[PDB]
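Below is one structure, written out as C-alpha cells; the observations come after it.
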Amino acid sequence: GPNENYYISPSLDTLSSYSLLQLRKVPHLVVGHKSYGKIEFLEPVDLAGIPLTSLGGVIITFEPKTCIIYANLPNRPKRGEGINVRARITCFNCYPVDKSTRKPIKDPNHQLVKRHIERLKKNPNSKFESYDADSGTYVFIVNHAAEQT
C-alpha cells in the first residue's frame, strides 16, 4: 500500500455507496495511512447514513504516533448507535531515542526495548497483542466499550 494518503473500509465516500444494511452493518473496518500507521477495527458501524459529521467533522483522526478518537469519546451513546473500540492499533517509530544520552537510535538494537515491553505488562488498562523486534512495531488492543458502571 505505497499510497501517499490513507484508505478506508473502503473509504469515506466508498462507504456511502454502501447499501442500507451495508452502511449500518460495516463488516471489516480498516483504517491506515501507511506512514502514519496501520489500524484495523473488528467492530461495526451502524448509522444508516454516517451522521458522524454532526458529532464532529473529521469523523476519524490518526496522529503519526498516537491514535485520536472523536474526542475522548468513552463510547457515550446518549441517543443512537455507537462504535466500539475493540480493535488493534499499530504505530510506527516506536523507538523514541534515548533522552539520557541523546543517542539517535534507529535500529533493531533493542538496547532498552525490553524495558518498554515490561512496562506494558504492568499496565492493566490495555491488552498487549504482539511486539515485533525486527520491525520494532508495537500493536495492542484497548477495548473500553464495556463498562462496569
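Per-structure values
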{"quantity": "Filter result for residue 85 (surrounded by 13 or more Cβ atoms within 10 Å (Cβ to Cβ), among the aliphatic types (A, V, I, L, M), assigned to a loop (DSSP other than H, G, I, E, B) and within 20 Å of the chain's Cα centre (by Cα))", "calculated": "yes"}
{"quantity": "The range 39-58 residues that are over 20 Å from residue 5 (Cβ atoms), paired with ones that are charged (D, E, K, R) and outside any loop (DSSP other than H, G, I, E, B) (beta carbon under 9 Å, 6 or more apart)", "calculated": "42/88; 44/24; 45/24; 46/24; 47/24; 48/24; 49/24"}
{"quantity": "Every residue from the range 83-100 that is out of contact with any strand residue (DSSP E or B) (no Cβ under 8 Å at 6 or more places or on another chain), touching a residue at least 24 places away in the same chain (Cβ under 8 Å) and not hydrophobic (A, V, I, L, M, F, W, C)", "calculated": "84, 93, 95"}
{"quantity": "Selection count where residues are part of a loop (DSSP other than H, G, I, E, B), surrounded by 10 or more Cβ atoms within 10 Å (Cβ to Cβ) and of a type outside the set (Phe, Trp, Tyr), scope the range 1-26", "calculated": "8"}
{"quantity": "Candidate set from the range 102-130 (those that are part of a loop (DSSP other than H, G, I, E, B) and among the aliphatic types (A, V, I, L, M)); member that is surrounded by the most Cβ atoms within 10 Å (Cβ to Cβ)", "calculated": "105"}
{"quantity": "The one condition in (1) surrounded by 15 or more Cβ atoms within 10 Å (Cβ to Cβ); (2) over 16 Å from the mean Cα position of the chain (by Cα); (3) among the acidic types (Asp, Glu) that residue 40 fails to fulfil", "calculated": "(2)"}
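For neighbour counting, all protein chains shown are included, and Cβ atoms are generated from backbone atoms with ideal geometry for every residue, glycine included. Read-outs throughout are calculated quantities, based only on the coordinates presented, and are distinct from any laboratory measurement.
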